[PDB]
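One-based numbering along the sequence shown.
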Amino acid sequence: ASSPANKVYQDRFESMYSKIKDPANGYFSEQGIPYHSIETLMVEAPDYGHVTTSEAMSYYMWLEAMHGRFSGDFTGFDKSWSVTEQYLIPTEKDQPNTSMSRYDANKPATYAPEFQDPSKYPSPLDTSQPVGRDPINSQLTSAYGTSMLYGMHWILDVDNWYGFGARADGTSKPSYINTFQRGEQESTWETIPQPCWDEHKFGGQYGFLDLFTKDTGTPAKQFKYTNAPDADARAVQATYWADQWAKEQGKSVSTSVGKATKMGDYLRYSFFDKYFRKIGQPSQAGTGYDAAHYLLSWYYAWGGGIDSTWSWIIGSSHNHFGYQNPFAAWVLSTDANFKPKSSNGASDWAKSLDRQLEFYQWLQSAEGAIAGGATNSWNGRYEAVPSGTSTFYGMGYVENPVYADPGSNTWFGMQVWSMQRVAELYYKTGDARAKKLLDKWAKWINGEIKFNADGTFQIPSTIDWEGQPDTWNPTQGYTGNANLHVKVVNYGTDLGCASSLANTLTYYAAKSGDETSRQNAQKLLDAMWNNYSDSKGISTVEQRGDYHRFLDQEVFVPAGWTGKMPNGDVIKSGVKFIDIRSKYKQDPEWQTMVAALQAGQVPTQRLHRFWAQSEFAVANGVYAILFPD
Ligand SMILES: CO[C@@H]1O[C@H](CO)[C@@H](O[C@@H]2O[C@H](CO)[C@@H](S[C@@H]3O[C@H](CO)[C@@H](O[C@@H]4O[C@H](CO)[C@@H](O)[C@H](O)[C@H]4O)[C@H](O)[C@H]3O)[C@H](O)[C@H]2O)[C@H](O)[C@H]1O
Ligand SMILES: CO[C@@H]1O[C@H](CO)[C@@H](O[C@@H]2O[C@H](CO)[C@@H](S[C@@H]3O[C@H](CO)[C@@H](O[C@@H]4O[C@H](CO)[C@@H](O)[C@H](O)[C@H]4O)[C@H](O)[C@H]3O)[C@H](O)[C@H]2O)[C@H](O)[C@H]1O
Ligand SMILES: [Ca+2]
């Protein structure tokens, strides 16, 4: 039997679970896939409300696991895994083993430079630049008996809104698409949505391929997928709790545990430099593990030919603290039920745990907030690191890893999503490293939570940075980083971030006994329940300051390149964001948004983001379990 839980907060989880699963609320598609948000007019990471992400799927898993804990029914959790495997992990038809089996571990991919401006793309492939060796492929094919990769592609056009269909048929749903392709300055407003399976049926003469990379000959028909490591690691974290909670009740989610374990094994591809170059010596090709930074980088991607057999796989040189998950690393390296089948799976994850904790500590500012990250590829072209730039294992510090429009580390959300995992690790193991990080971080954030007399509240929203951490010396450890500072630019009432914050403070308070953290977590949960509830979960009105880009953001299209989106929209130099997504004018909220822009006002929206609703529900569940009385 599971220990008794606080009935007040358990009821709140149950109420939220009902609203999220209610068919009338519209959080899911007819195929059972959760959308990024109920509302369709939505641009922030994905550019349409009804596309889904692997992030949403991992929150769906977490939600169902918690529901299993209170209802004793885990069929919903097993269902979240079935939907994931069927729709987000490319099937045998989506990543043909005929092509994947032609992979060459000694030449994983062909080098191509990254540019700081989208106008420099397509990027030219250069076969003369060195590429290191992939040491884990043989481990995976041997353990699993296939060359296909088991990980989630990060974004999916659920209802085929863009019209690419499945494997170029234009009519099936869901539809594998990707967006970001052109570097740090390519915001969500500057992409050209493209299909993962490109047979040249849509777009230009060669589909959309030559908008991004340029080779010596004619582009081949090909498929390509991109993983979001933070989502796959969250899926493992969620499955661990589902396993623990099921066993406390004589139930089992054994089959889902096996899927999470296999996913964690392939997830190791994010531990490697993009083109397998040695960590700390970027001009040199790696010989295997010397190319592993052991952190959960921004992505690992793979692809291959559709009508001819060949394939490639790349890791990522860019690392952001917000993607790390020491808890998932702890589970995969120590729990016998989650031991990966591969020979080095568990030990690699053990190395990642130690490295991740060093990374967090190295990035901790004077105040306590965690700074951006580091890269093994300066400017995305393995350029020389400027003199005076701090390093972590030879990797140069970057304030906003991967994206600069807006900076990937200017959103407060990265703080809570990531530190929440450190709090779970601390709660379970009492790890001294996690303790030192949390004591300082929690003291910082507790001084930034503002409660108003009318029941509303505010927490940091946009943050900024000054300075850099001192160069990491593993034997010296944390120096205090006196010259690295966080600055809060503005506060807000992001319900998803506040929920993640309550979750982090709850785990931490439960282990440390810090009363200040416990009462702030409860006050946050209470304020949200009492003042922000609505018939669909919780919400508030927020300003969408970037929406002017719907109409004024020019999208770069190379000189001479012309094509068409499936609905007929012409792609050519001079198009704006809206010109290649004309179906958006049919959105119920379109006239309202345009009217605001016309009057010189900032459009506002009342949004129901799936992850935020689940975050709130899970946060109530966690509080109910850790503070029974
Ligand atoms: C943050 O988002 C991610 O950004 C990165 C930025 O780099 C994106 O990475 C890029 O992804 C592209 C696909 O989405 C690929 S294009 C692809 O590269 C392979 C490997 O080099 C090429 O394979 C070669 O093809 C030749 C035949 O055409 C063969 O002769 C040769 O042996 C093959 O290796 C393929 O042709 C290209 O089309 C970029 O390589 C990669 O940088 C990431 O996608 C975003 O999600
Ligand atoms: C007077 O001018 C206005 O000032 C206000 C001051 O509050 C500005 O409002 C603020 O705008 C910010 C940007 O629009 C948002 S932060 C925004 O939040 C969303 C939801 O949490 C984030 O999306 C998530 O991003 C993740 C990381 O990429 C994804 O993984 C996830 O799926 C997404 O949901 C997004 O990244 C953030 O940028 C403030 O909340 C708001 O107060 C206003 O803009 C000015 O006009
Ligand atoms: Ca830009």
**OP:** Show the numbers, then the answer: is there a ring-ring contact (aromatic ring centres under 6.0 Å, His included) between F550 and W590?
**Re:** CA-CA 10 Å; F550 258 105; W590 184 256; 5.6 Å; yes
Subject >> Donor-acceptor under 3.5 Å (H320 side chain, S408 main chain) >> reply: yes
Subject >> Euclidean distance, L267 CG relative to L149 CG, rounded to 0.5 Å >> reply: 11.5 Å
Subject >> Side-chain H-bond candidate by donor/acceptor type, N319 with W298, under 3.5 Å >> reply: no
Subject >> No-hydrogen, no-angle side-chain donor-acceptor test under 3.5 Å, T239 and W81 >> reply: yes
Subject >> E39 and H608 side chains, donor-acceptor separation under 3.5 Å >> reply: yes
**OP:** Look at the side chain of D232 and the backbone N and O of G151, then say whether any donor-acceptor pair between them is shorter than 3.5 Å.
**Re:** no
Original post:
Would you call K262 and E85 a salt bridge, using N to O less than 4.0 angstrom?
Top reply: no
**OP:** Might you confirm whether atom CD of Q205 has over 12 heavy atoms from other residues, nucleotides or ligands at distances under 6.0 Å?
**Re:** no
Original post:
Where is the tightest heavy-atom contact between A112 and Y275, given as atom of each residue plus distance?
Top reply: N-OH, 3.4 Å
Original post:
Looking only at side chains, do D587 and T40 share a donor and an acceptor under 3.5 Å apart?
Top reply: yes
Original post:
Regarding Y382 and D273, is there a side-chain donor-to-acceptor distance under 3.5 Å anywhere?
Top reply: yes
Original post:
Do other residues, nucleotides or ligands put more than 12 heavy atoms under 6.0 Å from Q116 CD?
Top reply: yes
Original post:
For the side chain of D265 and the backbone of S342, is there at least one donor-acceptor N/O pair under 3.5 Å apart?
Top reply: yes
Original post:
Honestly, is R381 close enough over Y111, meaning NZ or CZ under 6.0 Å from the six-membered ring centre and within 45° of the axis?
Top reply: no
Original post:
By ring-ring contact (aromatic ring centres under 6.0 Å, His included), which residues pair with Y294, not counting sequence neighbours?
Top reply: none
Subject >> side-chain contact (heavy atoms from CB on, under 4.5 Å) partners for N567, two or more places apart >> reply: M565, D569, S582, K583
Original post:
Does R182 count as lying over the ring of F115, i.e. NZ or CZ under 6.0 Å from the six-ring centre, within 45 degrees of the axis?
Top reply: no
Original post:
Taking only residues two or more places apart in sequence or in another chain, which ones pass side-chain contact (heavy atoms from CB on, under 4.5 Å) with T146?
Top reply: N97, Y144, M148, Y266
**OP:** Report, as yes or no, whether the 6.0 Å neighbourhood of atom NZ on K107 holds more than 12 heavy atoms from other residues, nucleotides or ligands.
**Re:** yes
Original post:
With respect to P229, which candidate in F271, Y269, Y323 satisfies the side chain to side chain contact (heavy atoms under 4.5 Å, CB included) definition?
Top reply: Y323
Original post:
Under 3.5 Å, is there a donor-acceptor pair between the side chain of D494 and the main chain of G496?
Top reply: yes
**OP:** Using distance alone, with no hydrogens and no angle criterion, decide if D134 and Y103 have a side-chain donor and acceptor under 3.5 Å apart.
**Re:** yes
Subject >> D348-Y289 side chain donor-acceptor pair, cut-off 3.5 Å >> reply: yes
Original post:
Would you call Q86 and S82 a side-chain contact if the rule is heavy atoms closer than 4.5 Å?
Top reply: no
Original post:
Would you find a donor on one side and an acceptor on the other, under 3.5 Å apart, between the side chain of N106 and the backbone of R133?
Top reply: no
**OP:** Scan side-chain atoms only and decide if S187 and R549 contain a donor-acceptor pair under the 3.5 Å cut-off.
**Re:** yes
Original post:
Do side-chain atoms of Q222 reach the backbone of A220 as a donor and acceptor pair under 3.5 angstrom?
Top reply: yes
**OP:** Please step through salt bridge (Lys or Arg N to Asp or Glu O under 4.0 Å) for the pair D94 and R167, ending with a clear verdict.
**Re:** CA-CA 7 Å; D94 301 304; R167 299 186 296 281; 2.9 Å; yes
Original post:
Does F208 reach the side chain of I571, with side-chain heavy atoms less than 4.5 Å apart?
Top reply: yes
Original post:
Just by modelled atom types, is the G305 backbone N or O under 3.5 Å from a matching donor or acceptor in the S308 side chain?
Top reply: no
Original post:
Hey, does the side chain of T84 reach the backbone of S80 with a donor-acceptor pair shorter than 3.5 angstrom?
Top reply: yes
Original post:
Is a donor on one side and an acceptor on the other found under 3.5 Å between the side chain of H50 and the backbone of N160?
Top reply: no
Original post:
Salt bridge check: are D198 and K221 linked by an N-O gap of less than 4.0 Å?
Top reply: no
**OP:** I would like to know whether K224 and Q194 meet side chain to side chain contact (heavy atoms under 4.5 Å, CB included); could you show each step before the answer?
**Re:** CA-CA 11 Å; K224 52 253 141 73; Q194 83 273 170; 4.3 Å; yes
Original post:
Can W611 and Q613 be counted as having a side-chain donor-acceptor contact under 3.5 angstrom?
Top reply: no
Subject >> Salt bridge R544-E44, side-chain N to carboxylate O under 4.0 Å >> reply: yes
Original post:
Do the side chains of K79 and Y60 get nearer than 4.5 Å, heavy atoms only?
Top reply: yes
**OP:** Could you give me the CA-CA distance, side-chain angles and deciding distance for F359 and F321, then say whether ring-ring contact (aromatic ring centres under 6.0 Å, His included) is met?
**Re:** CA-CA 7 Å; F359 193 54; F321 93 93; 8.2 Å; no
Original post:
Say you draw a straight line from CG of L125 to OG of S128; how long is it, rounded to the nearest 0.5 Å?
Top reply: 11.5 Å
**OP:** Give, for atom CG of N178 and atom OG1 of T226, the distance between the pair rounded to the nearest 0.5 Å.
**Re:** 4.5 Å
Subject >> Separation between CD of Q185 and CG of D405, rounded to the nearest 0.5 Å >> reply: 4.5 Å
Original post:
Do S119 and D117 have side-chain atoms, one donor and one acceptor, less than 3.5 Å apart?
Top reply: yes
Subject >> Distance (rounded to the nearest 0.5 Å) between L156 CG and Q31 CD >> reply: 9.0 Å
Subject >> Short side-chain to backbone donor-acceptor contact, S101 and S147, under 3.5 Å >> reply: no
Original post:
Any salt bridge between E114 and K274, counting N to O under 4.0 Å?
Top reply: yes
Subject >> Min side-chain heavy-atom separation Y584-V43 under 4.5 Å >> reply: yes
Original post:
Any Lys/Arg nitrogen of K214 or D126 sitting under 4.0 Å from an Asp/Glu carboxylate oxygen of the other?
Top reply: no
Subject >> Worked check of ring-ring contact (aromatic ring centres under 6.0 Å, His included) between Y403 and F180 >> reply: CA-CA 10 Å; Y403 291 121; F180 305 106; 5.2 Å; yes
**OP:** Determine whether the side chains of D230 and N325 contain a donor N or O and an acceptor N or O closer than 3.5 Å.
**Re:** no
Original post:
Stepwise, does the side chain to side chain donor-acceptor pair (under 3.5 Å) test hold for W561 with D210?
Top reply: CA-CA 9 Å; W561 198 100; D210 52 351; 2.9 Å; yes
Original post:
Salt-bridged, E615 to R609, with N to O below 4.0 Å?
Top reply: no
Original post:
Are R581 and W161 in a cation-pi setup, meaning NZ or CZ lies under 6.0 angstrom from the ring centre and within 45 degrees of the ring axis?
Top reply: no
Original post:
Heavy-atom distance under 4.5 Å between the side chains of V131 and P108, does that happen here?
Top reply: yes
Subject >> Partner of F610 under ring-ring contact (aromatic ring centres under 6.0 Å, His included), chosen from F28, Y35, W62 >> reply: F28
**OP:** Using a 4.5 Å cut-off on heavy atoms from C-beta on, say whether the side chain of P130 contacts that of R277.
**Re:** yes
Subject >> Separation of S175 OG from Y162 OH (nearest 0.5 Å) >> reply: 11.0 Å
